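The chain below stands alone and is given as structure tokens, in the form deposited in one PDB entry.
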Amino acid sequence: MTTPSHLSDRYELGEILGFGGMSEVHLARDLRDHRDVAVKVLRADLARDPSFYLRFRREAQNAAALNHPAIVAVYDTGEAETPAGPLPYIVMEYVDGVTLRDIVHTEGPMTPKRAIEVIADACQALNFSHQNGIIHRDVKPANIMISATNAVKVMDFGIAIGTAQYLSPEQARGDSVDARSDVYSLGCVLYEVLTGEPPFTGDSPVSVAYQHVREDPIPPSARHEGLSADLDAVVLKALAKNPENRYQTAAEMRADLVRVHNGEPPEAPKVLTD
């Protein structure tokens, strides 16, 4: 039962842009500051459920505020009073565009050069985040948008619904996560934009986590054609089980992708098929 037409006598809501497991996101006009913004509101249909309300206040509303061209900026948080009860929200940079989850669904895999470019920009966002002490912690296709003018925008950093499909082996065992955990999860995203499939699927979330821990990904070139062995090398280094065997920074990952984009050999160890 509905999201109001206005929040805090300031954000006039327009069209709905999207939804997830917790939120509905609306295009709005900020009447104070004269800005188009995206307002993430607790889903109307879940808003009275204690567990979702409390998760929204703890998680979504505590998205990190970072200032980088490839990071969706966070402007504000608040809570509206409705006759149904409190409706919490977070106000952020409006991206006119779609998520990688959307793109992979509607178009299937990207050309390898596009995929490289997109993930290379995503590396720049993560490296900025990491230099400001913030680990993303939920790198996944739904958290990366491409704009109408083809800019890459990463969102929802630093938060403690959603899928084991992208978690690092260390998150699968509830351990310490660092920059290399972000690298692995971006590795998963890269695999999916290249092949159309994530590295691991399963009947359950505990089944996919098991595969992250114990099972080698099928090399990208085996799952989809037109993908070089140099691309296998970079993807499978990012996807290494031991953090010490992965790219140690997002910058180091980007550098290998830049080599491959330029037709240079990557520094990652060779992977042999067939």
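Between two forms, the rigid core is defined as the largest C-alpha subset superposing within 1.5 Å. Sequential numbering from 1, following the sequence displayed.
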Quick check on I161: across the other compared entries (only those modelling residues on both sides), is it unmodelled in a third or more? yes
For the step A160 to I161, what size class fits the number of deposited residues with no coordinates, none, 1 to 3, 4 to 9, or 10 or more? 10 or more
Please compare 214 to 222 with 53 to 61 and name the stretch with the higher mean C-alpha B-factor in the deposited structure. 214 to 222
Comparing 40 to 48 with 25 to 33, which has the greater mean CA B-factor as deposited? 25 to 33
Among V139, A148, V193, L87, highest Cα B-factor in the entry goes to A148
Among the choices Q124, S176, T99, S185, identify the one whose CA B-factor in the record is greatest. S176
C-alpha B factor of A80, ranked within the chain: lowest, middle or highest third? middle
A164, C-alpha B-factor rank within chain (lowest, middle or highest third): highest
Splitting the chain's C-alpha B-factors into thirds, which one does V208 fall into? highest
Entry-reported C-alpha B-factor of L66 relative to its chain, by third, is middle
Check where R10 lands among this chain's C-alpha B-factors and tell me if it's the lowest, middle or highest third. highest
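Missing here is the form deposited in another entry; even so, the following discussion is about that form.
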Report the residue, chosen from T249, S221, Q211, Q61, for which the CA moves 2 Å or more between the shown form and the other one after the rigid core is overlaid. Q61
Core aligned, does the CA of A151 move at least 2 Å between the shown form and the other one? no
Does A80 show a Cα shift reaching 2 Å between the shown form and the other one after rigid-core superposition? yes
